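Q: task: produce atomic coordinates for the following.
(chains A and B)
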There are 2 protein chains.
Amino acid sequence: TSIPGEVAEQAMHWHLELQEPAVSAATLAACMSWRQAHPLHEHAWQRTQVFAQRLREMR
Amino acid sequence: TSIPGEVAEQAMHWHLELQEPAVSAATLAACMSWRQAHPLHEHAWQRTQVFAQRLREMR
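A: Numbering: from 1, shown residues only, chains lettered A, B, ... in the order given. The coordinates are given below.
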């Protein structure tokens, strides 16, 4: 099951912010706020983790 | 003000665990253990709190 487009774009943006070597506390605060704003955000966050992880294991 | 990636992610996870309406005593002991395991964890925990609070005010 697919993630609505605009949620997918936010999910991507927040996952990438968190792959930086360093992350500010402000970015962290904003990420958490996005994840908590709507169950779809949190679901998309988690699914993206799983798939990013699976992709790394293949590559 | 820079938190390394893997510490930022743990910080976020424990902060989110503590925003649940009910928290288990186990989760609590685990959160404490992380915060106490390394001064960077505790620093990340504090900064994150400062920024999550500033954020709630702006929403």
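Q: what helices or strands is the top helix by length along chain A leaning on?
A: Ranked by number of residues, the top helix in chain A under DSSP state H is helix A:39-58. Contacts defined by 3 or more C-beta pairs under 8 Å, 6 or more residues apart in numbering or on different chains; DSSP states H and E place helix A:39-58 against helix A:5-17, helix A:25-37. In this view, the C-beta of every residue, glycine as well, is placed from N, C-alpha and C.
Q: orientation of it relative to helix A:5-17 in degrees?
A: When axes from the mean of the first three to the mean of the last three C-alpha atoms, to 10 degrees is applied, the directions of helix A:39-58 and helix A:5-17 differ by 50 degrees.
Q: pretty sure residue A:7 is touching residue A:37, no?
A: No: under the criterion of C-beta atoms under 8 Å, residue A:7 makes no contact with residue A:37, lying 10.2 Å away.
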